[PDB]
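The structure tokens that follow cover one protein chain in two forms, given apart as structure 1 and structure 2.
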Structure 1
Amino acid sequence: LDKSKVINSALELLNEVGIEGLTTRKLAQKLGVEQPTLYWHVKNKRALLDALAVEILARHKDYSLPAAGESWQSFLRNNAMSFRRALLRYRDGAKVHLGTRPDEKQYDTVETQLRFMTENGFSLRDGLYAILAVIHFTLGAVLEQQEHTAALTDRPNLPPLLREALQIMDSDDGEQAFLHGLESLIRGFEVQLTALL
């Protein structure tokens, strides 16, 4: 009857109806309380969504900080893949994350990641841009995957390249395509960092 139990109902509802159907009204029903009483703990849908994003990563993003000795390349790769896996746990998990900014509970992690970059030859700006590029790529890759599978519920002799392309994409959940683009980002950051020197 608090803030934490809103969150655990709201995760269940999200999986059931998705982000669109996750309303203040519907969550109150599922909890069996009035709408203003959810407010004491989860103000509105934005605050609720913000809380859900944080909880999803807290539970299911099991890599955030570099290990002793770890390259920034490896740090970026593991962070991106872990974030992807976490977004994929819940339905519309990536939609939930869109437009959120770091929460008070994540500040020390995020700061350590930013510091790490600056310690590995990046300017704060460039270290940040690299991280945001990895985050944006992961968000779009997952949101495309998540939405395409959803859309097959409703949607019903090809050119040789496109036919081959489609077979390649349908081979898995997008993972190999993801890992390729992720490495390309990393390889590009490396070139840029070497360039500057």
Structure 2
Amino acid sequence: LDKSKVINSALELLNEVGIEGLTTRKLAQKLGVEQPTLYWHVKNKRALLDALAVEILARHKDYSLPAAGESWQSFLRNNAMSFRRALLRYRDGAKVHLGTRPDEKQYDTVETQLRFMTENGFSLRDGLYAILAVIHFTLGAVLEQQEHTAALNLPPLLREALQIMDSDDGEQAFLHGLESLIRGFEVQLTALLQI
């Protein structure tokens, strides 16, 4: 058996039982193979999740590198929305991504992304933090979206607040916070670039 096979069945299983219900043993039976066999492909749940996170981005995170002439603001915005769309493709997708560092095969992309940020005036540290903030914000928002759904006296302001949240799926909150981050990054960058 090979990756695409294991992986596709794993993604199929993930949608069926969710992340907590996902076990290498279930994947083995899912694939109708011996656990010892599967083991060398996916040694533990951790490895499986890492493989899944990687595959999910590879298949659905269509945006990663900025186009020639693209602004850094747009680069960050697209990386976020693309990341978001990919995580939403599968059940517990955000939870699956948690704790997965880039694969070596994405290193060149990451270096390019980092270089791009520095070419735009960001110190490597600030460019890195901006990217991390976008990623973290996106995870939090998606985790919240994919969650609160399954999870299904009030002061006036609060009642109204909760009312506003019910009227949204989460995309509005995500885009708002995302644009705040970028605008925040803008003010800071401009200020610093004056030195």
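Rigid core here is just the name for the largest C-alpha set that superposes within 1.5 Å across the two forms. Counting starts at 1 with the first residue of structure 1 and goes up one by one along its sequence. Shifts are known only where both forms have a C-alpha.
Looking at CA displacements between structures 1 and 2 with the core superposed, a shift of 2 Å or more is confined, among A58, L132, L65, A165, to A165. CA movement of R89 between structures 1 and 2 equals 0.1 Å, with the two forms superposed on the rigid core.
Per-residue C-alpha deviation between structures 1 and 2, core superposed: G32, 1.3 Å. Residue ranges 2-4, 157-172 are the runs of 3 or more whose C-alphas all shift by 2 angstroms or more between structures 1 and 2 once the rigid core is superposed.
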